[PDB]
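Please treat every number below as a calculation from the coordinates, not as lab data. All Cβ positions, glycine included, derive from the backbone under ideal geometry; neighbour counts span all protein chains shown.
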Protein chains: 2
Amino acid sequence: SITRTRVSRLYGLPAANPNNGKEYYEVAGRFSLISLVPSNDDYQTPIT
Amino acid sequence: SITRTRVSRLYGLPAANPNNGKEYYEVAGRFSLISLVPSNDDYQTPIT
């Protein structure tokens, strides 16, 4: 809402102060990823 | 009145010390007022 105006009961998040003073927002979880490392005769697994 | 003068039994508030030591004069009550305040209730908002 925007006080001293005809705007109220309007949902969403604007760009004025999205963080509400919070230094950051934090999510937490797990990321699952499979690779195609071009390896060779079955030893010497690469890295990078 | 003002002792030692001819000014006696005069009616009125003299402006020498009107407050007479009081911190403030107070009056209580209610009051109603009409206005032409703005509102929608609740139109002009997004359709959803």
**Request:** Could you check how many residues of chain A are under 30 Å from B:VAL37 (Cα atoms) and among the aliphatic types (A, V, I, L, M)?
**Result:** 6
**Request:** Six or more apart or on different chains, Cβ under 9 Å: which pairs go from a residue in the stretch A:1-20 that's of a type in the set (A, V, I, L, M) to one that's part of a loop (DSSP other than H, G, I, E, B)? Could you list them?
**Result:** A:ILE2/A:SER8; A:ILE2/A:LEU10; A:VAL7/A:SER1; A:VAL7/B:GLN44; A:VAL7/B:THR45; A:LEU10/A:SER1; A:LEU10/B:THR45; A:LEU10/B:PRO46
**Message:** Tally up the residues in the stretch A:9-28 that are at negative phi and either within 11 Å of chain B (Cβ to nearest Cβ) or among the small types (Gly, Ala, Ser) (or both), please.
**Reply:** 5
**Asked** Of the residues that make up the stretch B:7-24, is at least one under 30 Å from A:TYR11 (Cβ atoms) and out of contact with any strand residue (DSSP E or B) (no Cβ under 8 Å at 6 or more places or on another chain)?
**Response** no
**Asked** Of (1) away from chain A (no Cβ under 14 Å); (2) within 30 Å of A:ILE2 (Cα to Cα), B:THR45 satisfies all except one. Which?
**Response** (1)
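If you check B:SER32 against the conditions, is it in a loop (DSSP other than H, G, I, E, B), more than 14 Å from chain A (Cβ to nearest Cβ), farther than 30 Å from A:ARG6 by Cα and not aliphatic (A, V, I, L, M)? If you could, list the steps in order and put the result at the bottom.
Working: in a loop (DSSP other than H, G, I, E, B): yes; more than 14 Å from chain A (Cβ to nearest Cβ): yes; farther than 30 Å from A:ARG6 by Cα: no; not aliphatic (A, V, I, L, M): yes.
It is false that B:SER32 is in a loop (DSSP other than H, G, I, E, B), more than 14 Å from chain A (Cβ to nearest Cβ), farther than 30 Å from A:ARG6 by Cα and not aliphatic (A, V, I, L, M).
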**Asked** For the stretch A:7-48, which residues satisfy the criterion of being within 30 Å of B:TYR43 (Cα to Cα) and either in contact with a helix residue (DSSP H, G or I) (Cβ under 8 Å, 6 or more places away or on another chain) or among the aromatic types (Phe, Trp, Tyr) (or both)?
**Response** A:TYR11
